[PDB]
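This document starts with one chain, in the form deposited in one PDB entry, laid out as structure tokens.
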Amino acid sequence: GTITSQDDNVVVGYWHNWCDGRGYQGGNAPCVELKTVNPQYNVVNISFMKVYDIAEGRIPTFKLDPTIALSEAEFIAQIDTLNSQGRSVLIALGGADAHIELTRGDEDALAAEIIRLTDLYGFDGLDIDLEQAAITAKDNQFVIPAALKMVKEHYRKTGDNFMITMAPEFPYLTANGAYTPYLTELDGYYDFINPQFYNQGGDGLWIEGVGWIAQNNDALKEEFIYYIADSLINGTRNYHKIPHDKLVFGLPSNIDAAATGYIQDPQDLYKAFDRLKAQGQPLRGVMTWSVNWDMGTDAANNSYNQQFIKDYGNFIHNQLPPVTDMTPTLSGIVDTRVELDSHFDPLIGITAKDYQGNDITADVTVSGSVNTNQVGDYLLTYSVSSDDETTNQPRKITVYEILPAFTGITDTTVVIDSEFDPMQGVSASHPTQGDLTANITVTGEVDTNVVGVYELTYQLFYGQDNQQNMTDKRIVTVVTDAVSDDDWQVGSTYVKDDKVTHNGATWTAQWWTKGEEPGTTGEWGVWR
């Protein structure tokens, strides 16, 4: 009747709010009554809360499929029995091809409906099972955690722990991955995460000395489970940290439950978990899609007969109780580049929380320092302690510099006796320092009274005391406006007294000529 939360190891099982689902291998998942769920599933997730009718608006809800042949009242009664047996029933938000698209300001209405349904049906919490576009559509990444923090606190004020769990597909758990916001904002509020280590085909990770470990590789399943979990529980190898006491391994029940990810030999899981326990970081449990699948039939109409809970139930429940990782969280620490001579403040952007979600940002301290007057790497150490633990994390701050740029320094032709200003159209700038046009000197001059080619060297001085320097060159050609005889052409015919220009001189033909180059005809030739 009241909020029944789990503090030991869990075996989580999703329950279909529909009948006769088709399997990836042509099997069939019947709907089942909640009360027929194997007792060793101590968390059962009602699938799914979603938007049923966009006529009702943007806020998802839950409507029982009547063809399961449970009345509203009976379904409440069966939740009530599971609760009386010390088992939890969660409402799972989302699902494959569920379309949730909330906008900022929707969070109060989402919190209110979660509370309505929880109090009506007797749910013990909520599983965030957003998939595909729903993870990142409109403002889901802000609205959902915001509503859920209001729900957690509403029930905390009556002494209840409304459970919050999540089922992210595992590749979304990398460090800046799509599920980041949900984990960081609900750090301290969530009870455990049960990612899906299924339906991701060849995705996985690279491990030195082993190679690439794919989620679809049966020959290395033990490796897959160990290494991805090890990465998760320590926040290594490009994964967000989920403490081991809050990490629940999500799996398909059988080959019909999912395209890939099914564990053919359960020994690979026993062995992985064991190795994790041997390094002092045992996991919190397992999760499966789904109890209907575990109670279904394959394509030959053979019953799966509870094979999943047969393989894992006892193995998970016979573990020691979990030991809470109470280490605090640090957030916002990223390697950063800082321009030479900028102001850098080591605390901007950085926050912290204790293992229960409380802001402890002012408790953070920093060791080491950055000199933004000198280029290079500076390494800092952040620390914060709470509940007799400390978390430390390092940060690399690189001080760099930026070249300024010249503009307007392009070769040009001007007419004899015009005015020429070497700085007209020339300028320089720098991102920080801004305008550096006054920092340009010019070596050389142009004499526009005298035809020819004039070279100018432009020197830009910048930075501290103008001791850095950039150089560019430019050619200014002074031409006459006076026109003159036509250029000689090899293909033309000339006659006596025709004049031509060629190789800077004016030549006069002495007689008929074609093809004779002025200057090449000697003392007594056709060109004079």
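In this text, residue numbers run from 1 along the sequence as written.
> Which has the higher mean CA temperature factor in the PDB entry, 93-101 or 448-456?
The recorded data point to 93-101.
> Between 65-73 and 457-465, which has the larger average Cα B-factor in the PDB entry?
Comparing 65-73 with 457-465, the higher average CA B-factor belongs to 457-465.
> Tell me, please, which of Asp294, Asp256, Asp127, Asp341 has the highest C-alpha B factor according to the deposited entry?
Highest CA B-factor of the listed options: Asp341.
> Taking the Cα B-factors listed in the entry, which of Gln319, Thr236, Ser367, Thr437 comes out highest?
Out of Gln319, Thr236, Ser367, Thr437, the record gives the largest C-alpha B-factor to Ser367.
> Taking the C-alpha B-factors as the PDB entry records them, is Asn17 in the lowest, middle or highest third of its chain?
Tercile = lowest for this residue's CA B-factor.
> Should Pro266 be placed in the lowest, middle or highest third of its chain by the C-alpha B factor in the entry?
As the PDB entry reports it, the C-alpha B-factor of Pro266 lands in the lowest third of its chain.
> Going by what the PDB entry lists, where does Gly26 fall on CA B-factor within its chain: lowest, middle or highest third?
Tercile = middle for this residue's CA B-factor.
> Taking the C-alpha B-factors as the PDB entry records them, is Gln215 in the lowest, middle or highest third of its chain?
Its C-alpha B-factor, which the entry lists for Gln215, ranks in the lowest third among residues of this chain.
> What third of its chain's C-alpha B-factors does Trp488 belong to: lowest, middle or highest?
For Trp488, whose C-alpha B-factor we compare with every modelled residue in the chain, the answer is the middle third.
The next section is about a form of this same protein that is not shown, the form deposited in another entry.
> Which single option from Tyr400, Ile475, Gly357, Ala109 is at the hinge, given the motion of the rigid parts between the shown form and the other one?
Comparing the two forms, the hinge residue turns out to be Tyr400.
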